[PDB]
There are 2 protein chains.
Amino acid sequence: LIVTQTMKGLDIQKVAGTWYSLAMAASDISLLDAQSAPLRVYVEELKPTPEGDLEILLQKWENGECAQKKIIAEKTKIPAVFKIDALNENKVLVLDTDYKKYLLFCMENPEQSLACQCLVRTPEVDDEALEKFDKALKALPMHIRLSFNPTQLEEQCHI
Amino acid sequence: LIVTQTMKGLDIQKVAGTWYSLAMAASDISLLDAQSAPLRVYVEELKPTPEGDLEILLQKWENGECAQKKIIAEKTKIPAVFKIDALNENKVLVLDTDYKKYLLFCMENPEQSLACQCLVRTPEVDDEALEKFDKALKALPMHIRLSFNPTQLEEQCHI
Ligand SMILES: CCCCCCCCCCCCCCCCCC(=O)O
Ligand SMILES: CCCCCCCCCCCCCCCCCC(=O)O
C-alpha cells in the first residue's frame, strides 16, 4: 500500500523472458548494502505460468558466491500485484512496463521496507527508463540507490 | 576536471563550523559500499585557516569502530578547489553553497573516481538542497547514492 503506482492493463504473459536489473533502490540502506544484503538480487528471467503465476529466476550472493535462485510469485485479484513465498508473503507490484524495453517493479512487506528496480531487456544503459524509474521513486522514501554499467550487467551478480 | 560546476565568489571563511553529510553519491559502487568503504566519510566540522587552507574534521569506519579523523585541504589558485594530503593529491571542489543551509562538494582523483556530498547545517532532511544535489549530479556518472534520516544524522557514523 506504500506505493501509489501500478500498471493498468498488465498482461503478465508478455513480461516473460530475459531481463537485466539496471538500477535498484531501497527504503533502508542495509537492504542494498553489501553483495550479501537481503534485497540485493539480480533478475535473470521471468517465466509466467498458464495459471498466471510468475516463476522468477535470479542471482543472489550468499557465501562469497553468486547463487542461483528460483522463486514463485503467486497472482492476486489485482493483475499488477503478486505475493511471494512465504515469510510474511512479500508483495511484488508492477508499476510500469512496455514489455519490449523496460519494466518497473517494487517489492514490499504503509510500513515501510521497500525495494524497487528498473528492469530492462538488454545490457545497455537506458536513460529514458532510468528517468521513468527516478520519476516513480521521487514519491517513495528511498535511502540507497545503485546503478550498473553494461560490463557489470553481463557478469554474474554484476561484479 | 570531471565536474563542470564550481561556485563563484566563494568565501572559504564563511563555510566554517558544523555540517551534516545528508546525502552522498559516487561514480563507483565500491567507493560507498560498506561502513568501511574508501569515500564513505561523515563530515563533522570545517575549520578554515587564516592562510585560507581548510581543516576538516570527520568520522570514518575503520575497525568495526567509527574513527575520529583530521585532514587538511590546501588551497589552490581557484577559490573553489582544494587539494588533500597527499597520495595523488585529491582535489576537493565546492560546487555551490549558501553558507547558512547547504553546501555541495565533490572529491576526485576526466578519469574517473568521484564522490560528492550534500552538506547541510542542521539534522533535518532539506528537500530543496537534495533537489540541488540531484540537479548537479544528473550530469556526472554516479552509480551509488545514499541518503540519511534525522536519527542517523545525530549518531556517530550515521548508524
Ligand atoms: C511479475 C512481474 C515483475 C517480476 C519482477 C521480479 C520480482 C523479483 C522479486 C524477488 C524478491 C525476492 C526477495 C529476496 C529473496 C532472496 C532469497 C534470500 O533471502 O536469500
Ligand atoms: C572546503 C569546503 C568543503 C569541504 C568539504 C569537506 C571535504 C572532505 C574531503 C575528505 C576526503 C577524505 C578522503 C577519505 C579519507 C579517509 C581516510 C582513509 O582513507 O581511511
Side-chain angles (χ1 to χ4, degrees), chain A residues 2 15-49 53-74 82-94 103-109 111-123 133 137 140 142-159, chain B residues 26 28-40 61-65 143-147 152 157-159:
Chain A
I2 322 154
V15 309
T18 301
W19 299 90
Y20 295 75
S21 294
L22 172 66
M24 328 177 161
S27 53
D28 306 281
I29 288 174
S30 52
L31 304 180
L32 290 189
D33 253 333
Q35 272 275 354
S36 9
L39 302 173
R40 184 142 173 193
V41 297
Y42 309 92
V43 183
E44 183 206 337
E45 158 173 57
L46 309 181
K47 313 183 181 180
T49 85
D53 291 335
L54 220 276
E55 288 195 19
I56 309 152
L57 296 188
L58 67 313
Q59 293 130 56
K60 171 168 225 340
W61 201 274
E62 284 200 309
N63 304 59
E65 75 173 37
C66 185
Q68 295 319 300
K69 297 235 142 89
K70 167 124 266 195
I71 294 191
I72 177 79
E74 319 210 81
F82 291 77
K83 277 160 163 193
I84 268 168
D85 240 65
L87 243 26
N88 321 342
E89 229 183 49
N90 257 249
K91 290 178 49 286
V92 162
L93 315 85
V94 171
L103 184 140
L104 320 170
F105 85 86
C106 288
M107 315 169 264
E108 80 180 26
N109 185 249
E111 164 124 290
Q112 188 65 5
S113 200
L114 181 65
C116 310
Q117 309 195 165
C118 175
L119 288 187
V120 291
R121 290 299 199 170
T122 63
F133 181 57
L137 258 54
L140 311 168
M142 305 309 213
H143 298 267
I144 182 159
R145 186 196 179 281
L146 306 177
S147 223
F148 301 91
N149 65 39
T151 305
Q152 288 163 151
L153 292 181
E154 285 285 294
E155 301 295 20
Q156 295 257 348
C157 291
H158 291 203
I159 58 164
Chain B
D28 306 281
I29 288 174
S30 52
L31 304 180
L32 290 189
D33 253 333
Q35 272 275 354
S36 9
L39 302 173
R40 184 142 173 193
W61 201 274
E62 284 200 309
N63 304 59
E65 75 173 37
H143 298 267
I144 182 159
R145 186 196 179 281
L146 306 177
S147 223
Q152 288 163 151
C157 291
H158 291 203
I159 58 164

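Atoms considered below: every heavy atom in the structure, side chains included; atoms not considered: hydrogens, waters and symmetry mates. Chain A is the first sequence line, chain B the second, and so forth, proteins listed ahead of strands; every chain is numbered from 1.
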**Parallel, tilted or perpendicular: ring planes of A/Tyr42 versus A/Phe148, cut at 30 and 60 degrees** =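 It falls in the perpendicular class, over 60°.
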**Request:** Report yes if the side chains of A/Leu54 and A/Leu46 come closer than 4.5 Å at any heavy-atom pair, otherwise no.
**Result:** yes
**Given A/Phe105, A/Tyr20, A/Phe133, the one that forms side chain to side chain contact (heavy atoms under 4.5 Å, CB included) with A/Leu119** = A/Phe105
[X] to [Y] - nearest heavy-atom pair and separation:
{"X": "A/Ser30", "Y": "A/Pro38", "answer": "O-CD, 3.6 Å"}
{"X": "A/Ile72", "Y": "A/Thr49", "answer": "CD1-CG2, 4.3 Å"}
{"X": "A/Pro48", "Y": "A/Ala16", "answer": "CD-CB, 3.4 Å"}
{"X": "A/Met24", "Y": "A/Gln117", "answer": "CE-OE1, 3.9 Å"}
{"X": "B/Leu39", "Y": "B/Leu32", "answer": "O-CD2, 3.5 Å"}
{"X": "A/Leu153", "Y": "A/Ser21", "answer": "CD2-O, 3.8 Å"}

**Prompt:** Should A/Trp19 and A/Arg121 be marked as a side chain to side chain contact (heavy atoms under 4.5 Å, CB included) after you check the CA-CA gap, both sets of side-chain angles, and the distance that decides it?
**Reply:** CA-CA 5 Å; A/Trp19 299 90; A/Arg121 290 299 199 170; 3.3 Å; yes
Quick one: [atom1] on [X] to [atom2] on [Y], what's the gap to the nearest 0.5 Å?
{"X": "A/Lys70", "Y": "A/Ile56", "atom1": "NZ", "atom2": "CD1", "result": "9.0 Å"}
{"X": "A/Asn149", "Y": "B/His143", "atom1": "CG", "atom2": "NE2", "result": "6.5 Å"}
{"X": "A/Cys116", "Y": "A/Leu137", "atom1": "SG", "atom2": "CG", "result": "4.5 Å"}
{"X": "A/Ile84", "Y": "A/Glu108", "atom1": "CD1", "atom2": "CD", "result": "12.0 Å"}
{"X": "A/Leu58", "Y": "A/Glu45", "atom1": "CG", "atom2": "CD", "result": "11.5 Å"}
{"X": "A/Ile2", "Y": "A/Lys91", "atom1": "CD1", "atom2": "NZ", "result": "7.5 Å"}

When you measure from the side chain of [X] to the backbone of [Y], do you find a donor-acceptor pair of N or O atoms at a distance under 3.5 Å?
{"X": "A/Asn109", "Y": "A/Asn88", "answer": "yes"}
{"X": "A/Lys60", "Y": "A/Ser36", "answer": "yes"}
{"X": "A/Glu74", "Y": "A/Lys83", "answer": "no"}

**Asked** Stepwise, does the side chain to side chain contact (heavy atoms under 4.5 Å, CB included) test hold for A/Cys106 with A/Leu140?
**Response** CA-CA 10 Å; A/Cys106 288; A/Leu140 311 168; 4.1 Å; yes
**Request:** Show your working on side chain to side chain contact (heavy atoms under 4.5 Å, CB included) between B/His158 and B/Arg40 and close with a plain yes or no.
**Result:** CA-CA 11 Å; B/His158 291 203; B/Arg40 184 142 173 193; over 6 Å; no
**Polar side chain donor-acceptor pair, A/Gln68 to A/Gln156, under 3.5 angstrom** = yes
